[PDB]
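Engineer: Handing you this structure, nothing more for now.
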Amino acid sequence: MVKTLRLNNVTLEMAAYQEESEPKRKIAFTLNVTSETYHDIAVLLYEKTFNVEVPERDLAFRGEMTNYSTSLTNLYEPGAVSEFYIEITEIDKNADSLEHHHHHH
């Protein structure tokens with residue numbers, strides 16, 4: 001029961017968590033963001049890579065957002081309002097081959 005879900009230190013709730021376990025493990029969780037902070041969030045879309053960590057199934061996963069899902073939104077407190085898509089595909093090495101690791105870590 002995937003209730004304890006963390007996206008890079010950020011604990012997350014959802015409404016419709018749906019992961020495709022075959023040909024491509026796509027973690028599609030429906031995040032219902034509310035109109036409270038939705039102002040900036042409407043501008044946010046996919047953004048970055050996500051470190052999906054789940055203690056139950058034991059998955060310290062770092063998948064990529066293909067950024068072409070045609071969905072919007074990224075994070076922020078899930079209430080029960082704007083059901084949005086954050087469907088993260090099982091990361092491939094298709095997108096570039098450079099170890100682009102240097103943000104602040």
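Engineer: Could you grab me the full set of residues in the range 26-68 that are assigned to a loop (DSSP other than H, G, I, E, B), under 12 Å from the mean Cα position of the chain (by Cα) and surrounded by fewer than 19 Cβ atoms within 10 Å (Cβ to Cβ)?
Structural biologist: Selection gives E47, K48, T49, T66, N67.
Engineer: Moving on to the next point. Within the range 4-20, which residues are of a type in the set (D, E, K, R) and without any contact (Cβ under 8 Å) to a residue 24 or more places away in the chain?
Structural biologist: Across the range 4-20, the qualifying residues are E19, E20.
Engineer: Condition first: under 23 Å from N94 (Cα atoms) and touching a residue at least 24 places away in the same chain (Cβ under 8 Å). Now tell me which residues in the range 21-46 satisfy that.
Structural biologist: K24, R25, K26, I27, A28, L45, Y46
Engineer: Still on this structure: Could you say whether any residue in the range 73-91 is loosely packed, with under 15 Cβ neighbours inside 10 Å and without any contact (Cβ under 8 Å) to a residue 24 or more places away in the chain?
Structural biologist: No, the range 73-91 contains no residue that is loosely packed, with under 15 Cβ neighbours inside 10 Å and without any contact (Cβ under 8 Å) to a residue 24 or more places away in the chain.
Engineer: Among the residues of the range 1-25, how many are in a loop (DSSP other than H, G, I, E, B) and among the hydroxyl-bearing types (S, T, Y)?
Structural biologist: Within the range 1-25, residues that are in a loop (DSSP other than H, G, I, E, B) and among the hydroxyl-bearing types (S, T, Y) number 2.
Counting neighbours? That spans all protein chains shown, and the Cβs are built from the backbone with ideal geometry, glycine included. Quick note: the coordinates plus some simple rules give every number you see, no bench work behind them.
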